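Given as structure tokens, the chain that follows is alone and in the form deposited in one PDB entry.
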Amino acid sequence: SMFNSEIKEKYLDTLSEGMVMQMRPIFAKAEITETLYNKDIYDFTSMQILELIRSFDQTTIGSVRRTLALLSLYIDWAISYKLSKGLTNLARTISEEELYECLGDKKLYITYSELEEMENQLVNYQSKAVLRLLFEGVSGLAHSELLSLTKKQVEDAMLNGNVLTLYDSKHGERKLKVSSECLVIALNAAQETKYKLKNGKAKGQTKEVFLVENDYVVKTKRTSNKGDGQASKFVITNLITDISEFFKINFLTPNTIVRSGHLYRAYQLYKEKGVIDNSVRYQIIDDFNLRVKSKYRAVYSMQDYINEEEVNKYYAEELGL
């Protein structure tokens, strides 16, 4: 059950019963990875700590943090006994962005709180806007609502109870209520002239690139030579790629960010209501004014992600579980 058991038990013996309770499962799940490298956690590299935590299949940044702090404690104890080959605690060198890399590979959806933490670390308004706008529902066929979104629509929405009028390439107009944060973000994205590469830590020569000048919230790079009009769908995917590369996560797609917003709404309704059923799903369709062929078909598709299991998993902490 444990690797280097003698030493773990020596550490466990110093802990309160409640701390033993949290630590034992960590050491148990850790064994397979410790045996693979033939070394203890306290000898793991940074990269191995991130891999270790990833192997625990944890779903939220909140939980990843708690786990990292617990491991950090153990490592400090190990250093103080001179057991570690290393003199420094490598869990404490883990950056905020690198927490994201500890997320389990089953993770599909971001929570509202993770969206906000992600947004805050993203220096380009293009990045902030695409993440946020997708989460709140502006999408459409091949992201046509997002790609066609102008400064003017954003301005009008602020003066119209935050109801954006969105344009889809297929089905045309649709009204969607969004947060004031989303609108202000979009407003800034629409007037951005430069885009910092590698989320503002670009190593080499070209640290920033010029954006095309227009009134669209989503903007093509000048170097693409696609001209002054609407960006293509590939720009959306390129911007999510840049976000994903900074956080080093592989779950983030336009569909996944859209669904995350639905999932957050599901949590809000679940907190007051206590169930997630078709009535909750119909309500989510309504609240996002969701573009669907039929509502019942959409409600059926939503069973794959708008359900109690998914909500309990992603929103454990906020639900008090």
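So that there is no doubt, residue numbering starts at 1 and follows the sequence shown. C-alpha atoms forming the largest set that superposes within 1.5 Å between two forms make up the rigid core.
There is another form of the same protein, the form deposited in another entry; it is not shown, and what comes next is about it.
Annotation: the position in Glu97, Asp215, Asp76, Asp105 displaced by at least 2 Å at CA between this form and the one not shown, with the core superposed, corresponds to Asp76. Positional change of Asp40 between this form and the one not shown reaches 2 Å or more at the C-alpha, relative to the superposed core.
Superposition of the core reveals a Cα shift of 2 Å or more for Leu87 between this form and the one not shown. After superposition on the rigid core, the Cα atom of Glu31 is displaced by 2 Å or more between this form and the one not shown.
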